>>> print(open('coords_5.cif').read())   # mmCIF, N, CA and C atoms and all ligand atoms
data_query
loop_
_atom_site.label_atom_id
_atom_site.label_comp_id
_atom_site.auth_asym_id
_atom_site.auth_seq_id
_atom_site.Cartn_x
_atom_site.Cartn_y
_atom_site.Cartn_z
N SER A 1315 -8.04 18.72 14.32
CA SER A 1315 -6.82 17.97 13.90
C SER A 1315 -6.44 18.34 12.46
N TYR A 1316 -5.86 19.52 12.24
CA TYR A 1316 -5.79 20.14 10.89
C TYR A 1316 -4.33 20.19 10.41
N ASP A 1317 -3.48 19.27 10.88
CA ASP A 1317 -2.06 19.18 10.43
C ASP A 1317 -2.03 18.53 9.03
N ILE A 1318 -1.67 19.32 8.02
CA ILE A 1318 -1.66 18.91 6.59
C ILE A 1318 -0.54 17.88 6.36
N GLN A 1319 0.50 17.89 7.20
CA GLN A 1319 1.69 17.00 7.04
C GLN A 1319 1.59 15.68 7.83
N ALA A 1320 0.57 15.52 8.68
CA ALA A 1320 0.57 14.45 9.69
C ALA A 1320 0.47 13.07 9.01
N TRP A 1321 -0.10 12.99 7.80
CA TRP A 1321 -0.32 11.72 7.07
C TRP A 1321 1.02 10.96 6.93
N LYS A 1322 2.16 11.66 6.82
CA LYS A 1322 3.40 10.98 6.40
C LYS A 1322 3.90 10.03 7.51
N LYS A 1323 4.03 10.52 8.76
CA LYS A 1323 4.43 9.66 9.90
C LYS A 1323 3.33 8.61 10.15
N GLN A 1324 2.05 8.95 9.93
CA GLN A 1324 0.96 7.98 10.15
C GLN A 1324 1.14 6.82 9.15
N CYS A 1325 1.53 7.15 7.91
CA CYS A 1325 1.78 6.11 6.89
C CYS A 1325 3.06 5.31 7.23
N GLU A 1326 4.13 5.95 7.70
CA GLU A 1326 5.36 5.24 8.12
C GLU A 1326 5.02 4.20 9.21
N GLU A 1327 4.19 4.56 10.19
CA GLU A 1327 3.86 3.70 11.34
C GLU A 1327 3.00 2.57 10.79
N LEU A 1328 2.05 2.83 9.88
CA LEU A 1328 1.22 1.75 9.33
C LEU A 1328 2.07 0.80 8.47
N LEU A 1329 3.00 1.30 7.65
CA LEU A 1329 3.95 0.40 6.95
C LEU A 1329 4.75 -0.46 7.96
N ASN A 1330 5.22 0.11 9.07
CA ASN A 1330 5.90 -0.69 10.12
C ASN A 1330 4.98 -1.83 10.60
N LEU A 1331 3.71 -1.54 10.82
CA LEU A 1331 2.78 -2.59 11.30
C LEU A 1331 2.66 -3.66 10.23
N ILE A 1332 2.49 -3.25 8.96
CA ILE A 1332 2.37 -4.19 7.83
C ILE A 1332 3.62 -5.07 7.75
N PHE A 1333 4.83 -4.52 7.90
CA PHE A 1333 6.10 -5.31 7.88
C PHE A 1333 6.11 -6.31 9.04
N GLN A 1334 5.44 -6.06 10.18
CA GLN A 1334 5.40 -7.03 11.33
C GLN A 1334 4.38 -8.17 11.11
N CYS A 1335 3.41 -7.95 10.22
CA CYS A 1335 2.39 -8.96 9.87
C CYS A 1335 3.09 -10.09 9.10
N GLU A 1336 2.90 -11.34 9.53
CA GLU A 1336 3.37 -12.50 8.72
C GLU A 1336 2.75 -12.47 7.31
N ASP A 1337 1.55 -11.93 7.16
CA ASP A 1337 0.82 -11.91 5.87
C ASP A 1337 1.53 -11.02 4.84
N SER A 1338 2.47 -10.15 5.24
CA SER A 1338 3.15 -9.23 4.29
C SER A 1338 4.32 -9.92 3.57
N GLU A 1339 4.79 -11.08 4.05
CA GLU A 1339 6.07 -11.68 3.58
C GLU A 1339 6.15 -11.66 2.05
N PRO A 1340 5.14 -12.15 1.30
CA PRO A 1340 5.27 -12.22 -0.16
C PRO A 1340 5.31 -10.86 -0.86
N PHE A 1341 5.03 -9.78 -0.11
CA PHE A 1341 4.76 -8.41 -0.62
C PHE A 1341 5.80 -7.41 -0.12
N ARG A 1342 6.86 -7.88 0.53
CA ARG A 1342 7.86 -7.00 1.19
C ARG A 1342 8.95 -6.57 0.20
N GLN A 1343 9.01 -7.18 -0.98
CA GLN A 1343 10.09 -6.96 -1.97
C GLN A 1343 9.50 -7.12 -3.37
N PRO A 1344 10.11 -6.52 -4.43
CA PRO A 1344 9.60 -6.73 -5.78
C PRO A 1344 9.68 -8.21 -6.17
N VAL A 1345 8.65 -8.72 -6.86
CA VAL A 1345 8.60 -10.10 -7.42
C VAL A 1345 9.85 -10.30 -8.29
N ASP A 1346 10.47 -11.48 -8.21
CA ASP A 1346 11.65 -11.85 -9.02
C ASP A 1346 11.15 -12.46 -10.34
N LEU A 1347 11.66 -11.98 -11.48
CA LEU A 1347 11.24 -12.47 -12.82
C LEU A 1347 12.10 -13.67 -13.25
N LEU A 1348 12.52 -14.52 -12.29
CA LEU A 1348 13.12 -15.86 -12.54
C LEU A 1348 12.09 -16.93 -12.19
N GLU A 1349 11.64 -16.94 -10.94
CA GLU A 1349 10.63 -17.90 -10.42
C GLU A 1349 9.30 -17.68 -11.16
N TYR A 1350 9.07 -16.46 -11.65
CA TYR A 1350 7.84 -16.05 -12.39
C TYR A 1350 8.27 -15.29 -13.65
N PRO A 1351 8.74 -16.00 -14.70
CA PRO A 1351 9.25 -15.35 -15.91
C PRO A 1351 8.13 -14.74 -16.77
N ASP A 1352 6.88 -15.16 -16.55
CA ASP A 1352 5.68 -14.63 -17.26
C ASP A 1352 5.10 -13.41 -16.53
N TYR A 1353 5.56 -13.10 -15.31
CA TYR A 1353 4.93 -12.09 -14.41
C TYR A 1353 4.58 -10.82 -15.20
N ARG A 1354 5.50 -10.32 -16.02
CA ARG A 1354 5.32 -9.05 -16.76
C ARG A 1354 4.36 -9.21 -17.95
N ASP A 1355 3.98 -10.43 -18.34
CA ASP A 1355 2.93 -10.65 -19.38
C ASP A 1355 1.56 -10.34 -18.77
N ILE A 1356 1.36 -10.64 -17.48
CA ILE A 1356 0.07 -10.51 -16.75
C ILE A 1356 0.00 -9.11 -16.12
N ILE A 1357 1.07 -8.72 -15.42
CA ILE A 1357 1.12 -7.52 -14.56
C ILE A 1357 1.89 -6.42 -15.28
N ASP A 1358 1.19 -5.34 -15.57
CA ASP A 1358 1.79 -4.16 -16.25
C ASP A 1358 2.67 -3.34 -15.31
N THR A 1359 2.28 -3.24 -14.02
CA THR A 1359 2.95 -2.34 -13.06
C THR A 1359 3.17 -3.06 -11.74
N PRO A 1360 4.33 -3.72 -11.59
CA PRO A 1360 4.71 -4.35 -10.32
C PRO A 1360 4.71 -3.31 -9.20
N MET A 1361 4.39 -3.76 -7.98
CA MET A 1361 4.46 -2.89 -6.79
C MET A 1361 4.60 -3.81 -5.58
N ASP A 1362 5.25 -3.30 -4.56
CA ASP A 1362 5.58 -4.03 -3.32
C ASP A 1362 5.78 -2.99 -2.21
N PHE A 1363 5.78 -3.44 -0.95
CA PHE A 1363 5.81 -2.52 0.21
C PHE A 1363 7.17 -1.86 0.44
N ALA A 1364 8.26 -2.47 0.02
CA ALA A 1364 9.57 -1.80 0.07
C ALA A 1364 9.62 -0.62 -0.92
N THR A 1365 9.05 -0.76 -2.11
CA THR A 1365 8.95 0.33 -3.11
C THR A 1365 8.09 1.46 -2.55
N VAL A 1366 6.96 1.10 -1.91
CA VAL A 1366 6.10 2.13 -1.28
C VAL A 1366 6.88 2.87 -0.18
N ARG A 1367 7.52 2.17 0.79
CA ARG A 1367 8.30 2.80 1.89
C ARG A 1367 9.39 3.72 1.29
N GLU A 1368 10.08 3.27 0.24
CA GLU A 1368 11.17 4.09 -0.36
C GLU A 1368 10.60 5.34 -0.98
N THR A 1369 9.49 5.23 -1.71
CA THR A 1369 8.85 6.38 -2.40
C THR A 1369 8.44 7.41 -1.34
N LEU A 1370 7.83 6.95 -0.23
CA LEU A 1370 7.45 7.84 0.90
C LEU A 1370 8.70 8.52 1.49
N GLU A 1371 9.76 7.77 1.79
CA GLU A 1371 10.97 8.33 2.48
C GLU A 1371 11.77 9.25 1.55
N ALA A 1372 11.68 9.06 0.24
CA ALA A 1372 12.28 9.93 -0.78
C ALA A 1372 11.52 11.27 -0.87
N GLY A 1373 10.31 11.40 -0.29
CA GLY A 1373 9.55 12.64 -0.49
C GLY A 1373 8.90 12.63 -1.84
N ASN A 1374 8.50 11.46 -2.35
CA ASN A 1374 7.92 11.34 -3.70
C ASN A 1374 6.42 10.97 -3.70
N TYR A 1375 5.78 11.00 -2.55
CA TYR A 1375 4.30 11.07 -2.47
C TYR A 1375 3.90 12.52 -2.07
N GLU A 1376 2.91 13.12 -2.75
CA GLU A 1376 2.36 14.43 -2.32
C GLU A 1376 1.20 14.25 -1.31
N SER A 1377 0.58 13.08 -1.28
CA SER A 1377 -0.65 12.86 -0.47
C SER A 1377 -0.78 11.41 -0.09
N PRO A 1378 -1.56 11.12 0.98
CA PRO A 1378 -1.80 9.73 1.35
C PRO A 1378 -2.67 9.04 0.28
N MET A 1379 -3.46 9.76 -0.55
CA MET A 1379 -4.21 9.14 -1.67
C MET A 1379 -3.24 8.46 -2.65
N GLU A 1380 -2.10 9.10 -2.94
CA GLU A 1380 -1.17 8.50 -3.90
C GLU A 1380 -0.59 7.22 -3.27
N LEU A 1381 -0.16 7.24 -1.99
CA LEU A 1381 0.37 6.03 -1.33
C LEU A 1381 -0.70 4.92 -1.37
N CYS A 1382 -1.96 5.29 -1.12
CA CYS A 1382 -3.09 4.33 -1.06
C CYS A 1382 -3.24 3.65 -2.43
N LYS A 1383 -3.06 4.39 -3.52
CA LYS A 1383 -3.24 3.86 -4.87
C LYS A 1383 -2.15 2.81 -5.11
N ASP A 1384 -0.91 3.11 -4.72
CA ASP A 1384 0.16 2.10 -4.87
C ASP A 1384 -0.08 0.85 -4.00
N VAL A 1385 -0.49 1.01 -2.74
CA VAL A 1385 -0.73 -0.16 -1.86
C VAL A 1385 -1.86 -0.99 -2.49
N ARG A 1386 -2.94 -0.36 -2.99
CA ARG A 1386 -4.06 -1.11 -3.58
C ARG A 1386 -3.60 -1.86 -4.84
N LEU A 1387 -2.59 -1.33 -5.54
CA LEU A 1387 -1.99 -2.01 -6.73
C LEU A 1387 -1.29 -3.30 -6.31
N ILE A 1388 -0.64 -3.35 -5.12
CA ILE A 1388 -0.05 -4.62 -4.62
C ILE A 1388 -1.17 -5.66 -4.60
N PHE A 1389 -2.32 -5.29 -4.07
CA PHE A 1389 -3.42 -6.27 -3.85
C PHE A 1389 -4.11 -6.61 -5.18
N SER A 1390 -4.33 -5.64 -6.06
CA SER A 1390 -4.93 -5.96 -7.39
C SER A 1390 -3.96 -6.82 -8.20
N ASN A 1391 -2.64 -6.60 -8.10
CA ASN A 1391 -1.66 -7.45 -8.83
C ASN A 1391 -1.79 -8.90 -8.34
N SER A 1392 -1.91 -9.11 -7.03
CA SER A 1392 -2.05 -10.47 -6.45
C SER A 1392 -3.37 -11.10 -6.94
N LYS A 1393 -4.43 -10.31 -7.07
CA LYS A 1393 -5.72 -10.79 -7.64
C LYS A 1393 -5.49 -11.22 -9.09
N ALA A 1394 -4.73 -10.43 -9.86
CA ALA A 1394 -4.50 -10.69 -11.30
C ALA A 1394 -3.63 -11.94 -11.49
N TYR A 1395 -2.83 -12.33 -10.49
CA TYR A 1395 -1.86 -13.45 -10.64
C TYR A 1395 -2.42 -14.77 -10.11
N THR A 1396 -3.38 -14.77 -9.17
CA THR A 1396 -3.87 -15.99 -8.47
C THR A 1396 -4.58 -16.94 -9.45
N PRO A 1397 -4.26 -18.26 -9.41
CA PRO A 1397 -4.96 -19.24 -10.23
C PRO A 1397 -6.40 -19.45 -9.76
N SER A 1398 -6.61 -19.36 -8.44
CA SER A 1398 -7.92 -19.49 -7.76
C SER A 1398 -7.99 -18.54 -6.55
N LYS A 1399 -9.16 -18.48 -5.92
CA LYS A 1399 -9.42 -17.70 -4.69
C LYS A 1399 -8.98 -18.50 -3.46
N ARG A 1400 -8.27 -19.62 -3.65
CA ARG A 1400 -7.93 -20.58 -2.57
C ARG A 1400 -6.41 -20.79 -2.48
N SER A 1401 -5.62 -19.76 -2.81
CA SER A 1401 -4.14 -19.79 -2.75
C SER A 1401 -3.68 -19.20 -1.41
N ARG A 1402 -2.55 -19.69 -0.88
CA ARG A 1402 -1.88 -19.18 0.35
C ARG A 1402 -1.58 -17.69 0.18
N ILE A 1403 -1.00 -17.32 -0.96
CA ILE A 1403 -0.44 -15.95 -1.20
C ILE A 1403 -1.59 -14.97 -1.50
N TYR A 1404 -2.62 -15.40 -2.23
CA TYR A 1404 -3.79 -14.52 -2.53
C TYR A 1404 -4.60 -14.34 -1.25
N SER A 1405 -4.80 -15.42 -0.49
CA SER A 1405 -5.51 -15.42 0.81
C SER A 1405 -4.83 -14.45 1.78
N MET A 1406 -3.50 -14.51 1.90
CA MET A 1406 -2.66 -13.56 2.69
C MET A 1406 -2.92 -12.12 2.21
N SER A 1407 -3.03 -11.94 0.89
CA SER A 1407 -3.23 -10.60 0.27
C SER A 1407 -4.56 -10.01 0.75
N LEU A 1408 -5.64 -10.80 0.80
CA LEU A 1408 -6.99 -10.29 1.16
C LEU A 1408 -7.04 -9.96 2.65
N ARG A 1409 -6.32 -10.69 3.51
CA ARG A 1409 -6.26 -10.35 4.96
C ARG A 1409 -5.46 -9.06 5.16
N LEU A 1410 -4.30 -8.94 4.50
CA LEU A 1410 -3.46 -7.73 4.64
C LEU A 1410 -4.25 -6.52 4.12
N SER A 1411 -5.03 -6.69 3.04
CA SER A 1411 -5.83 -5.60 2.48
C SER A 1411 -6.87 -5.13 3.52
N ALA A 1412 -7.60 -6.06 4.16
CA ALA A 1412 -8.59 -5.68 5.19
C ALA A 1412 -7.94 -4.86 6.28
N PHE A 1413 -6.77 -5.31 6.73
CA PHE A 1413 -6.02 -4.61 7.81
C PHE A 1413 -5.62 -3.21 7.35
N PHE A 1414 -5.04 -3.12 6.14
CA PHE A 1414 -4.63 -1.83 5.57
C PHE A 1414 -5.84 -0.89 5.48
N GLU A 1415 -6.95 -1.34 4.89
CA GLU A 1415 -8.14 -0.48 4.70
C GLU A 1415 -8.68 0.01 6.05
N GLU A 1416 -8.71 -0.86 7.04
CA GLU A 1416 -9.15 -0.51 8.42
C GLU A 1416 -8.32 0.64 8.98
N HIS A 1417 -7.01 0.65 8.76
CA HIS A 1417 -6.09 1.65 9.34
C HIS A 1417 -5.93 2.93 8.48
N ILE A 1418 -6.02 2.84 7.16
CA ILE A 1418 -5.81 4.03 6.28
C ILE A 1418 -7.02 4.98 6.23
N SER A 1419 -8.22 4.51 6.55
CA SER A 1419 -9.43 5.35 6.42
C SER A 1419 -9.30 6.64 7.26
N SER A 1420 -8.82 6.57 8.50
CA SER A 1420 -8.68 7.79 9.33
C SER A 1420 -7.56 8.70 8.78
N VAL A 1421 -6.50 8.08 8.25
CA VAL A 1421 -5.38 8.87 7.66
C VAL A 1421 -5.93 9.73 6.51
N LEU A 1422 -6.71 9.12 5.63
CA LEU A 1422 -7.29 9.83 4.47
C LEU A 1422 -8.26 10.89 4.95
N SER A 1423 -9.14 10.54 5.88
CA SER A 1423 -10.18 11.47 6.38
C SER A 1423 -9.51 12.69 7.02
N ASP A 1424 -8.51 12.46 7.87
CA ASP A 1424 -7.85 13.59 8.57
C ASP A 1424 -7.13 14.49 7.57
N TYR A 1425 -6.41 13.91 6.62
CA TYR A 1425 -5.74 14.71 5.57
C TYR A 1425 -6.76 15.56 4.80
N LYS A 1426 -7.85 14.95 4.33
CA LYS A 1426 -8.77 15.73 3.45
C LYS A 1426 -9.43 16.84 4.30
N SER A 1427 -9.71 16.56 5.57
CA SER A 1427 -10.26 17.54 6.55
C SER A 1427 -9.28 18.72 6.71
N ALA A 1428 -8.00 18.41 6.90
CA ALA A 1428 -6.92 19.42 7.06
C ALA A 1428 -6.85 20.28 5.81
N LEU A 1429 -6.95 19.70 4.62
CA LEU A 1429 -6.86 20.52 3.40
C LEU A 1429 -8.11 21.39 3.27
N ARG A 1430 -9.30 20.88 3.63
CA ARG A 1430 -10.50 21.73 3.53
C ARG A 1430 -10.35 22.89 4.53
N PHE A 1431 -9.84 22.65 5.74
CA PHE A 1431 -9.66 23.74 6.73
C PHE A 1431 -8.69 24.79 6.19
N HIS A 1432 -7.60 24.32 5.59
CA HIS A 1432 -6.59 25.25 5.03
C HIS A 1432 -7.23 26.16 3.98
N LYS A 1433 -8.24 25.70 3.24
CA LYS A 1433 -8.94 26.53 2.22
C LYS A 1433 -10.25 27.16 2.73
N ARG A 1434 -10.52 27.19 4.03
CA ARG A 1434 -11.86 27.58 4.54
C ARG A 1434 -12.22 29.04 4.17
N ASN A 1435 -11.25 29.95 4.18
CA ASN A 1435 -11.43 31.40 3.90
C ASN A 1435 -10.81 31.73 2.54
N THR A 1436 -9.94 30.85 2.04
CA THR A 1436 -9.10 31.05 0.83
C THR A 1436 -9.16 32.53 0.42
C1 LIG A 1501 8.76 -13.12 -2.12
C2 LIG A 1501 8.53 -12.39 -3.43
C3 LIG A 1501 8.90 -10.92 -3.34
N1 LIG A 1501 7.12 -12.51 -3.82
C4 LIG A 1501 6.71 -13.40 -4.75
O1 LIG A 1501 7.49 -14.20 -5.26
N2 LIG A 1501 5.37 -13.42 -5.05
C5 LIG A 1501 4.40 -12.45 -4.53
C6 LIG A 1501 3.41 -12.08 -5.62
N3 LIG A 1501 2.69 -13.28 -6.06
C7 LIG A 1501 1.36 -13.35 -5.93
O2 LIG A 1501 0.70 -12.34 -5.69
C8 LIG A 1501 0.60 -14.60 -6.11
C9 LIG A 1501 -0.74 -14.81 -6.21
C10 LIG A 1501 -0.93 -16.20 -6.26
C11 LIG A 1501 0.27 -16.76 -6.21
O3 LIG A 1501 1.25 -15.80 -6.12
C12 LIG A 1501 3.63 -14.32 -6.53
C13 LIG A 1501 4.22 -13.96 -7.89
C14 LIG A 1501 4.73 -14.64 -5.53
#
>>> encode(input="coords_5.cif", output="structure tokens", more="lines below")
Ligand SMILES: CC(C)NC(=O)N1CCN(C(=O)c2ccco2)[C@@H](C)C1
Amino acid sequence: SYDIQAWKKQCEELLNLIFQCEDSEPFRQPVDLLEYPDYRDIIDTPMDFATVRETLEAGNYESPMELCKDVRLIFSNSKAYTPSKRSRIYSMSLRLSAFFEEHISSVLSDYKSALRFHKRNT
């Protein structure tokens, strides 16, 4: 399975699954700096799943590792903002993260395998 390009549609389909999860609701759009006027004091780099989908569809990811780093930033930002480990929105974040990690591992493995095959004889 040595298709170097296959990660992109695999990531589009996984973003579609994430958008169907009720747990994605708080993460589908950039945080509004009205309801949370301090947000930028805590969080240096906002990220959300619509920004990730747009960056992918623009042709602005070179690899599924870069997409993975942005998705993990959504979850670390939610960790940085939660008052406790017992919030609705942080709790939703940890379930969505488990689901994402379960599905992205094969995408990453297949991509890195494809790149090693492409360099086998270099
Ligand atoms: C719908 C809109 C785009 N999202 C939004 O307003 N958010 C999502 C990010 N966020 C958290 O991560 C959080 C952790 C604990 C409590 O809140 C809050 C600032 C609320």
>>> closest_residue(input="coords_5.cif", among="A:1364, A:1345, A:1379, A:1385", to="residue A:1421", atoms="all atoms listed in the file")
A:1379
>>> residues_near_ligand(input="coords_5.cif", ligand="ligand LIG 1501 (chain A)", cutoff="10 Å", atoms="only C-alpha atoms and all ligand atoms", output="ChimeraX atom specification")
/A:1338-1353,1357,1360-1364,1388-1407
>>> closest_residue(input="coords_5.cif", among="A:1319, A:1329, A:1431, A:1420", to="residue A:1368", atoms="only C-alpha atoms")
A:1329
>>> atom_distance(input="coords_5.cif", atom1="atom N of residue A:1434", atom2="atom C of residue A:1320")
18.6 Å
>>> select_by_dssp(input="coords_5.cif", residues="stretch 1341-1388 of chain A", states="helix (DSSP H, G or I)", output="list in words")
residues 1341, 1353, 1354, 1355, 1356, 1363, 1364, 1365, 1366, 1367, 1368, 1369, 1370, 1371, 1378, 1379, 1380, 1381, 1382, 1383, 1384, 1385, 1386, 1387 and 1388 of chain A
>>> residues_around(input="coords_5.cif", residues="residue A:1326", least_positions_apart="6", cutoff="8 Å", atoms="all atoms listed in the file", output="PDB file with N, CA and C atoms, keeping the file's coordinate frame")
ATOM      1  N   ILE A1332       2.490  -3.250   8.960  1.00  0.00           N
ATOM      2  CA  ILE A1332       2.370  -4.190   7.830  1.00  0.00           C
ATOM      3  C   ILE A1332       3.620  -5.070   7.750  1.00  0.00           C
ATOM      4  N   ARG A1367       7.520   2.170   0.790  1.00  0.00           N
ATOM      5  CA  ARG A1367       8.300   2.800   1.890  1.00  0.00           C
ATOM      6  C   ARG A1367       9.390   3.720   1.290  1.00  0.00           C
ATOM      7  N   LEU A1370       7.830   6.950  -0.230  1.00  0.00           N
ATOM      8  CA  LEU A1370       7.450   7.840   0.900  1.00  0.00           C
ATOM      9  C   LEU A1370       8.700   8.520   1.490  1.00  0.00           C
TER      10      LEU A1370
END
>>> residues_near_point(input="coords_5.cif", point="(-6.9, 16.0, 3.5)", cutoff="8 Å", atoms="only C-alpha atoms", output="number ranges by chain")
A: 1318, 1422-1430
>>> closest_residue(input="coords_5.cif", among="A:1382, A:1359, A:1315, A:1376", to="residue A:1411", atoms="only C-alpha atoms")
A:1382
>>> decode(input="coords_5.cif", residues="stretch 1336-1408 of chain A", atoms="C-alpha atoms", output="mmCIF file, in the first residue's frame")
data_model
loop_
_atom_site.group_PDB
_atom_site.id
_atom_site.type_symbol
_atom_site.label_atom_id
_atom_site.label_comp_id
_atom_site.auth_asym_id
_atom_site.auth_seq_id
_atom_site.Cartn_x
_atom_site.Cartn_y
_atom_site.Cartn_z
ATOM 1 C CA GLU A 1336 -21.800 15.394 18.624
ATOM 2 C CA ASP A 1337 -18.501 15.755 20.618
ATOM 3 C CA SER A 1338 -17.019 18.014 17.822
ATOM 4 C CA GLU A 1339 -19.649 20.833 18.216
ATOM 5 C CA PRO A 1340 -17.440 23.175 20.354
ATOM 6 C CA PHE A 1341 -14.456 22.563 17.964
ATOM 7 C CA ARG A 1342 -16.129 23.014 14.515
ATOM 8 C CA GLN A 1343 -15.385 26.805 14.280
ATOM 9 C CA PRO A 1344 -12.798 29.279 15.686
ATOM 10 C CA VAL A 1345 -13.537 30.387 19.336
ATOM 11 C CA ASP A 1346 -15.265 33.845 19.432
ATOM 12 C CA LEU A 1347 -13.264 36.494 21.421
ATOM 13 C CA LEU A 1348 -16.553 38.057 22.775
ATOM 14 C CA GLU A 1349 -17.863 35.187 25.005
ATOM 15 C CA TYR A 1350 -14.138 34.544 25.892
ATOM 16 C CA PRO A 1351 -12.357 37.955 25.767
ATOM 17 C CA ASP A 1352 -9.338 36.522 27.734
ATOM 18 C CA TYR A 1353 -8.961 33.506 25.305
ATOM 19 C CA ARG A 1354 -5.832 35.018 23.610
ATOM 20 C CA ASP A 1355 -4.167 35.661 27.062
ATOM 21 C CA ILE A 1356 -4.166 31.825 27.708
ATOM 22 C CA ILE A 1357 -4.021 30.400 24.129
ATOM 23 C CA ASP A 1358 -1.204 31.548 21.823
ATOM 24 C CA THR A 1359 -2.442 29.639 18.713
ATOM 25 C CA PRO A 1360 -6.203 29.077 18.274
ATOM 26 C CA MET A 1361 -7.172 26.064 16.123
ATOM 27 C CA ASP A 1362 -10.467 24.397 15.147
ATOM 28 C CA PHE A 1363 -11.643 21.681 12.682
ATOM 29 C CA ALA A 1364 -12.972 24.115 10.038
ATOM 30 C CA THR A 1365 -9.447 25.737 9.894
ATOM 31 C CA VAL A 1366 -7.915 22.227 9.567
ATOM 32 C CA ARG A 1367 -10.408 21.201 6.723
ATOM 33 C CA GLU A 1368 -9.706 24.526 4.888
ATOM 34 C CA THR A 1369 -5.892 24.166 5.199
ATOM 35 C CA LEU A 1370 -6.153 20.565 3.797
ATOM 36 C CA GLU A 1371 -8.500 21.606 0.871
ATOM 37 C CA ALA A 1372 -6.233 24.622 0.035
ATOM 38 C CA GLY A 1373 -3.291 22.192 -0.516
ATOM 39 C CA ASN A 1374 -1.469 23.718 2.488
ATOM 40 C CA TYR A 1375 -0.548 20.493 4.343
ATOM 41 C CA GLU A 1376 2.507 18.579 2.903
ATOM 42 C CA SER A 1377 1.922 15.504 5.163
ATOM 43 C CA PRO A 1378 -0.581 13.914 7.536
ATOM 44 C CA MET A 1379 1.979 14.679 10.389
ATOM 45 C CA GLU A 1380 1.332 18.420 9.882
ATOM 46 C CA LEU A 1381 -2.517 17.906 9.964
ATOM 47 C CA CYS A 1382 -2.046 15.727 13.121
ATOM 48 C CA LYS A 1383 -0.073 18.538 14.862
ATOM 49 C CA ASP A 1384 -2.913 21.036 14.217
ATOM 50 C CA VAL A 1385 -5.664 18.581 15.385
ATOM 51 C CA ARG A 1386 -3.626 17.853 18.585
ATOM 52 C CA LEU A 1387 -3.426 21.677 19.143
ATOM 53 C CA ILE A 1388 -7.298 21.797 19.264
ATOM 54 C CA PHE A 1389 -7.131 19.297 22.160
ATOM 55 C CA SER A 1390 -4.136 20.892 23.999
ATOM 56 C CA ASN A 1391 -5.898 24.334 23.726
ATOM 57 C CA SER A 1392 -9.032 22.793 25.388
ATOM 58 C CA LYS A 1393 -6.728 21.344 28.135
ATOM 59 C CA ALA A 1394 -5.153 24.837 28.608
ATOM 60 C CA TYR A 1395 -8.632 26.512 28.925
ATOM 61 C CA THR A 1396 -10.530 24.002 31.235
ATOM 62 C CA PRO A 1397 -11.081 25.124 34.880
ATOM 63 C CA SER A 1398 -11.190 21.403 35.920
ATOM 64 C CA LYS A 1399 -11.055 17.864 34.401
ATOM 65 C CA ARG A 1400 -14.893 17.728 34.970
ATOM 66 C CA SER A 1401 -16.163 20.197 32.264
ATOM 67 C CA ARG A 1402 -18.677 19.267 29.463
ATOM 68 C CA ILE A 1403 -16.409 20.827 26.757
ATOM 69 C CA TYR A 1404 -13.050 19.411 28.072
ATOM 70 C CA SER A 1405 -14.703 15.958 28.590
ATOM 71 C CA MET A 1406 -16.003 16.113 24.926
ATOM 72 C CA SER A 1407 -12.407 17.064 23.878
ATOM 73 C CA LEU A 1408 -10.847 13.911 25.491
#
